[PDB]
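Consider the single chain below, provided in structure tokens and representing the form deposited in one PDB entry.
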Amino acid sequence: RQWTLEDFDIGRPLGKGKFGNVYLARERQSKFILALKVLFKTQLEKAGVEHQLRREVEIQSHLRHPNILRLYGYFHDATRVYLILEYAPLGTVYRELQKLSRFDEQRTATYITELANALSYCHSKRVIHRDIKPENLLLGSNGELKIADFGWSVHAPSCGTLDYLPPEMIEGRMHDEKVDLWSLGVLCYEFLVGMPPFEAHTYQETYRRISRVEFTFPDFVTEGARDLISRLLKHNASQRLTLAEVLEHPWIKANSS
């Protein structure tokens, strides 16, 4: 089917995203509940990212995993581009983290497990996400973590704050699948602490701290969590833990559900 906007009943705004807003939507024939992100053609052309969006649709057409948000397809009119997306009823992990300030070890390890599984699937079909962050993680009906937004994704090897990016990427160097592993380490830190490890008021300071791998743990972080994060956040990408090593880490096994 060739989708048009007239096929959908538009609901309430679900959030404000990269190049436009995400709305709740219902397909008129089947009454199916979904999400539509509305992007503008001018904004996509001016950024020179139209090929990246075409790649995302392509990449998402092949990917099938319960911990990955579905992109069903897209369509456009005169001015706007519409992404047909799976609805995530429990919102962003970003919103959940603001609500709870920080997650307990049980919730964190469960998310990391789910993340790792999703990434393990992506890396086997050789896809790197490159944009792992709380705002690109959503929660399904049963509170399961779902990864979204493959706009910055590439095949290995090869917008916002610098917080989740590894030293190789910020320095404009060569990078592979191990970037998602660094971002997972940043995630795990932020989930438990409430803020990312290299957080700063300035871009330049954040750049300094990532380059040096300059970060400390607060007193309440356990040694098990400290171990995982330290072994994920290593300047040398080849020295970082693999996803299987993460899923088999003592602290993950002990706290994950």
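Sequential numbering from 1, following the sequence displayed. The term rigid core refers to the maximal set of C-alpha atoms that superpose within 1.5 Å between the two forms.
Omission of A156 is seen in a third or more of the other entries compared for this protein where the adjacent residues are built.
Coordinates are absent for 4 to 9 residues of the deposited sequence placed between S158 and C159. Judged by mean Cα B factor in the deposited record, 39-47 ranks above the other of 39-47 and 185-193. Of the two segments, 75-83 and 131-139, the one listed with the higher mean B-factor is 75-83 (C-alpha atoms only). Sort the chain's modelled residues by C-alpha temperature factor and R95 lands in the lowest third, per the entry. Annotation for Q204: C-alpha temperature factor in the middle third relative to the rest of the modelled chain, per the entry. Ranked by C-alpha B-factor against the other modelled residues of its chain, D104 falls in the middle third. Sort the modelled residues of the chain by CA B factor and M174 lands in the highest third. Among all modelled residues in this chain, the alpha-carbon of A25 has a temperature factor (C-alpha) in the lowest third.
There is also a form deposited in another entry; it is not shown, and the following applies to it.
Among the candidates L36, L192, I229, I210, the CA atom that moves 2 angstroms or more between the shown form and the other one after core superposition belongs to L36 alone. Relative to the superposed core, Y87 undergoes a C-alpha shift smaller than 2 Å between the shown form and the other one.
The rigid-core alignment places the CA of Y111 less than 2 Å apart between the shown form and the other one.
Comparing the forms between the shown form and the other one on their rigid core, the Cα displacement of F75 reaches 2 Å or more. Closer approach of the C-alpha atoms of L137 and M174, by 3 angstroms or more, is seen in that other deposited form than in the present form. Pairwise change in that other deposited form: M174 and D180 C-alpha atoms lie closer than in the shown form, at least 3 Å.
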